[PDB]
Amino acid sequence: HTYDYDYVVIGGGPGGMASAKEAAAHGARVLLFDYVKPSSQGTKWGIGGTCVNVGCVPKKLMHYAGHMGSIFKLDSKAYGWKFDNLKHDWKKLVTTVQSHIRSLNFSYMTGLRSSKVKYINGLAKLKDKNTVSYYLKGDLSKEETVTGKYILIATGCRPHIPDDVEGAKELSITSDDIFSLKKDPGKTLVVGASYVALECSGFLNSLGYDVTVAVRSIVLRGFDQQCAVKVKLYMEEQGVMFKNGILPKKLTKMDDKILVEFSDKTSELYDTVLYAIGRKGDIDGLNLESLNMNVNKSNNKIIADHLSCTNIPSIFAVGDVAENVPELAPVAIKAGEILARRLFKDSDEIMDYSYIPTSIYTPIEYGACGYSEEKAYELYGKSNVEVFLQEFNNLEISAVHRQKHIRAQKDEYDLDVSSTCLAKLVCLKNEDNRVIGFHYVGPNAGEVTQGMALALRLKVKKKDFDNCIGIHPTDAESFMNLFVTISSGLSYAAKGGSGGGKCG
């Protein structure tokens, strides 16, 4: 048989672009499609997928904006800085963020061109197990078609706004909208408690907005909960309010504001409602029905195996749209690359999804790698795992003696903030204390965790941490003298500081 291309890929995000460029560098003739269907509110953007335009990159940028603000308001006076009339301009932040996104759009495009990948800005679906139909620039007037030996689906995900909430789909924004919004966010309700909800609440609050979070149940489901509470508490003590167990039941457009009726029958007025409860695979307009490709219909994700194969032998899926794969850009890149090598370089490396490091950018950050405490217990038995841990205060913040925001003040004496950091290692007693879980809450968690994720990958034992010299004064060195265990019962609370309204 003969085809127009050796590799046609649907989606120009981290995974699609990475797989295309690897495939090309091994001789494959490659075609890639990317098209951005507008969001609930009509927001659109350039090439690069979720990560560059409406995810990791702009999220990190505004986190910086917010973190900066917290430094001004909480710490600067203590360190000797004086200033007048501190105000934040949202419009300027957005334009600084979009300018940068637009520069990455260009660069990702010229990179495809350098690697000899043909890119077409067109909406795509498949007509056949080796055929893809498309529509230049969204325009459904002319369907054109192309064939490929192998098809890769890498369309990723979009945010889900629930059906059972009146006015939700119509009035609320999502992560697709927040980073380019034309109006100041103002009084904002964020609905959800995933890392995306908490990260947007966080920077919006630090930026100066009144921010409320609606949490059915718990925060950061899936993640180690001691750390989750630590993050939650820190946000609370800076201003953000958590409506626990109380979700919106109805939204009504009401001039330049939105009224939200809650499941406890209360009601309140907001400038912005931001839905961030989850994301579904973007799969609907792909015509996968007409190939009988099995997909998990709750997720809306493609069921692909450990080689990125669907049940159709010539079509593959990687990244956010494949079920059971972590929604992290570097993960979609590795899988896209490994796939390309397996298809066009006779490689036999298979993608390893274990011990994938993660890092959440809340106003106090959380990085992890491996099992939570709770899960290591279930999987291995509580009597068979050691948890070494330690709360402590960051040096720089410690010296400021920050105070709780009023809303977190129990009585007029509850002033000092809680300890800022936590370091926790989860270990397998019966394997010489092999560390099978790493958790760190504190500043710069992404930076701290990377090297540690590498150590976990090398099967590091607790003794190896103890024998490594720590770098002083640093947040990370806390891991290198971590001797208080959960089983021992001894206090793991912050030693010293003006904690608890007493210097000790």
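So that there is no doubt, residue numbering starts at 1 and follows the sequence shown.
When the two stretches 132 to 140 and 210 to 218 are set side by side, the higher mean Cα temperature factor goes to 132 to 140. Set 437 to 445 against 60 to 68 and average the Cα temperature factors; 60 to 68 ends up higher.
Out of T362, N384, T145, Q238, the entry records its largest CA B-factor for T145. Take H401, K257, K232, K429 and read off each C-alpha B-factor from the entry; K257 has the highest. For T43, the recorded CA temperature factor ranks within the middle third of the chain's modelled residues. When the CA B factors of the chain's modelled residues are split into thirds, the value for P473 lands in the lowest one. Per the deposited record, the Cα B-factor of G11 falls in the middle third when ranked against the other modelled residues of its chain.
In this PDB entry, the Cα temperature factor of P162 sits in the top third of its chain's modelled residues, the highest group. When the modelled residues of the chain are ordered by their C-alpha B factor, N299 lands in the highest third.
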